[PDB]
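Asker: Please find one structure pasted underneath; my questions will follow.
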Amino acid sequence: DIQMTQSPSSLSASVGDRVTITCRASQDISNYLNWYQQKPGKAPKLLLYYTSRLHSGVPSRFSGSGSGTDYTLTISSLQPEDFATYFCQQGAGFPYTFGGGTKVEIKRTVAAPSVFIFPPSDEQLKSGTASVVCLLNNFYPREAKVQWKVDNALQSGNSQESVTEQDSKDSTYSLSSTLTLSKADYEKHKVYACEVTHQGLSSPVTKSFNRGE
Amino acid sequence: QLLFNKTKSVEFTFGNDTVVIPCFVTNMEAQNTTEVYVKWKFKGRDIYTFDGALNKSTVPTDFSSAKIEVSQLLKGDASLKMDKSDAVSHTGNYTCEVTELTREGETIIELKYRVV
Amino acid sequence: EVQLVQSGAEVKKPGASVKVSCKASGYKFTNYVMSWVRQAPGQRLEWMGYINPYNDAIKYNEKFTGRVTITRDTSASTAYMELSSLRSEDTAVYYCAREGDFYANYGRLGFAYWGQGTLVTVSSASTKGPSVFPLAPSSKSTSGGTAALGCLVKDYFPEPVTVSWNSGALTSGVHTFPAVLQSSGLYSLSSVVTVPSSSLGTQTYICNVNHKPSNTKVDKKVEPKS
Ligand SMILES: *[C@@H]1O[C@H](CO[C@@H]2O[C@@H](C)[C@@H](O)[C@@H](O)[C@@H]2O)[C@@H](O[C@@H]2O[C@H](CO)[C@@H](O)[C@H](O)[C@H]2NC(C)=O)[C@H](O)[C@H]1NC(C)=O
Ligand SMILES: *[C@@H]1O[C@H](CO[C@@H]2O[C@@H](C)[C@@H](O)[C@@H](O)[C@@H]2O)[C@@H](O)[C@H](O)[C@H]1NC(C)=O
Ligand SMILES: *[C@@H]1O[C@H](CO[C@@H]2O[C@@H](C)[C@@H](O)[C@@H](O)[C@@H]2O)[C@@H](O)[C@H](O)[C@H]1NC(C)=O
Ligand SMILES: *[C@@H]1O[C@H](CO)[C@@H](O)[C@H](O)[C@H]1NC(C)=O
Ligand SMILES: [Cl-]
Ligand SMILES: [Cl-]
């Protein structure tokens, strides 16, 4: 089979930068190479077919070139909505094969998180569990430190967090962290606090609530 | 599958202007030539191809004069055209294979050369 | 518009079989080859095969021969991919795909139209529907006149859940986070939205949670707290 190898694996660049990624095939594929764009959780979108032909609708800042075994895709002026993973696909011989993909992320300015905290709902407490959710909205860079405190005692081992993919409009990220306790352990305390450290904040931000208020 | 207005053979002399091998699809339905691929085979070799998707023709060196009239292709007309040099060098059976969307078909024409 | 709509996500026990469907619309179904490509989470896409709906010809990848079966129902404008003898490595998103307005090139000139994907998880664990709890807005979730609210979709297996807001009429400001895997092997995610805090008394916010593996559909009204 024809093996496809892309480089780099991931990539970071500012808005307006020229970005170039390379696809390489294990044998000549005679310009039968296609480029796809895929955003997380979405289906791929055809960008270029036959090395350099723009698929209808694709903005002109996308372009491809190459021959034999070496091909490149180039975005002339990188845009926020260009965040995605880009895949190449050889159309030369069966079975058709795809590259491993190049992730393209945007460099932008520092943006602080907006922080929100949510007590458990009565529905969940009725079931016997208490989840406290802390939300960090539209920040950059994507690293944020979240410290749960219960009656001013730092927690560890009872929370989980995930971070969104990069936003396709403002290039920010958002984070959600969930402290989970039993209804009993939850009721043994009063103050529930979420402390957030981030490059956009001049000092850590804390949001908190007293249980039963 | 595609259907043809068939023709057993055509004949030329050196008094011909251009040599034309006819090929006519009756049940043509394409709307853009991007939906069509035309291949002309002579003695096994692909001696002419038109890639409608890439708007790209291909002939080997000994058939440097071979062409089809792309403007006429959507009417069902895939007739091959060449000059006398290429034709008299390559007398015999020609295959016209037409692909349109998901359909395909072919037909055979014999090119005959008559000395006056 | 061309549109490829696929069947819902499924969980299958190892060894069983799955049949993903793909209904085409917006064009003449027999005019174009329907291909199938799958993508395991975190891996690259891989071609599986195609079918010519006109002459019913099919071609398969050598890796799936004996297991994969592509078929079409012309009157239904529907292609089908059926994979059998499922392994936990058949866990992937399965796509149907279609070429552009070209002659039948089977993907040599690229797949121009894709379905939305069908996530098939191969596992022996029993499917489990989610619980949906509200993340009510209050004084603790405001910020400069904006308010945050959401839904917590907790304890379900397998992925995925889809969350929409107000049956799709609310998309601006929505963040639906990637799921985390809890120590119990169940998934949990949150979906949030920011809205004006001023209109909390006049607007209505419902999250629509769909977990197709368990056929669970849940609408949760998120009422503000005071
Ligand atoms: C070659 O040309 C003839 C027409 O030219 C006549 O024949 C030459 C060989 C030459 O001897 C001249 O004096 C003549 O003027 C083509 O025959 C005509 O083809 C058209 C199109 O099908 C048809 O409508 C006419 O009836 C034909 N006339 C005839 C048969 O007398 C012939 O098809 C050409 N051959 C090739 C291979 O292109
Ligand atoms: C055929 O199409 C021509 C341009 O086609 C362009 O490229 C192809 C691959 C499609 O993606 C199409 O949507 C693009 O616009 C037209 O210039 C030409 O007029 C068309 N033919 C007819 C008869 O209208
Ligand atoms: C297609 O191309 C026409 C002319 O291009 C020439 O002829 C074709 C058959 C190819 O062999 C090409 O390499 C040549 O340069 C144009 O006049 C016509 O507008 C084009 N049509 C479309 C729809 O692109
Ligand atoms: C062309 O084909 C016919 C049968 O299809 C055959 O009788 C004839 O001899 C062939 N002419 C050639 C090969 O020149
Ligand atoms: Cl993380
Ligand atoms: Cl997002």
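Along the chain as shown, residues are numbered 1 onward.
Per the header: X-ray crystallography, 2.6 Å.
Each residue, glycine too, has its Cβ placed from N, Cα and C.
Pulled these features from Swiss-Prot for this protein:
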{"type": "DISULFID", "residues": "B:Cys23-B:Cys96", "note": "disulfide bond"}
{"type": "CARBOHYD", "residues": "B:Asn5", "note": "N-linked glycosylation site"}
{"type": "CARBOHYD", "residues": "B:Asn16", "note": "N-linked glycosylation site"}
{"type": "CARBOHYD", "residues": "B:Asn32", "note": "N-linked glycosylation site"}
{"type": "CARBOHYD", "residues": "B:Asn55", "note": "N-linked glycosylation site"}
{"type": "CARBOHYD", "residues": "B:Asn93", "note": "N-linked glycosylation site"}
{"type": "MOD_RES", "residues": "B:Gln1", "note": "pyrrolidone carboxylic acid"}
{"type": "MOD_RES", "residues": "B:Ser71", "note": "phosphoserine"}
Asker: For each of B:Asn16, B:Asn55, B:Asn93, count the other CB atoms within 10 A of its CB; which of these glycosylation sites has the top count?
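Answerer: Counting every other Cβ within 10 Å of each candidate, the maximum falls on B:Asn16.
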Asker: Are any of the recorded positions B:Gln1, B:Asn5, B:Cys23, B:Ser71, B:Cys96 near ligand 5, with a Cβ under 6 Å from it, and if so which?
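Answerer: Not one meets the Cβ criterion.
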Asker: Check the recorded positions B:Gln1, B:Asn5, B:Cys23, B:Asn32, B:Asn55, B:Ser71 for any whose Cβ is under 6 angstroms from an atom of ligand 2, and report them in sequence order.
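Answerer: Those recorded positions that pass the cut-off, since their Cβ is under 6 Å from ligand 2, are B:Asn32.
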Asker: Can you give me the same-chain residues 6 or more apart in sequence from B:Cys23 (disulfide bond) with a CB-CB distance under 8 Å?
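Answerer: B:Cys23 (disulfide bond) has long-range Cβ partners B:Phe4, B:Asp77, B:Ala78, B:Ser79, B:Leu80, B:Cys96, B:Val98, B:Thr107, B:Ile109.
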Asker: Find the one among the recorded positions B:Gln1, B:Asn5, B:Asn16, B:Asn32, B:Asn55 whose C-alpha lies closest to that of B:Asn93 (N-linked glycosylation site).
Answerer: B:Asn5
Asker: Less than 8 Å, Cβ to Cβ, versus chain C; work out which of the recorded positions B:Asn5, B:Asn32, B:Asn55, B:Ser71, B:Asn93, B:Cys96 satisfy that and list them by sequence.
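Answerer: Sorted by position along the sequence, the hits are B:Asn32.
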Asker: Sort the recorded positions B:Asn16, B:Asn32, B:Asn55, B:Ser71 by C-alpha distance from B:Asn5 (N-linked glycosylation site) and give me just the closest.
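Answerer: That would be B:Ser71, the closest of B:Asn16, B:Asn32, B:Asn55, B:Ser71 to B:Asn5 (N-linked glycosylation site).
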Asker: Using CB under 6 Å from any atom of ligand 4, narrow the recorded positions B:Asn5, B:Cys23, B:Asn93, B:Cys96 to the ones that qualify.
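Answerer: By the Cβ criterion, which requires under 6 Å to ligand 4, the hits are B:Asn93.
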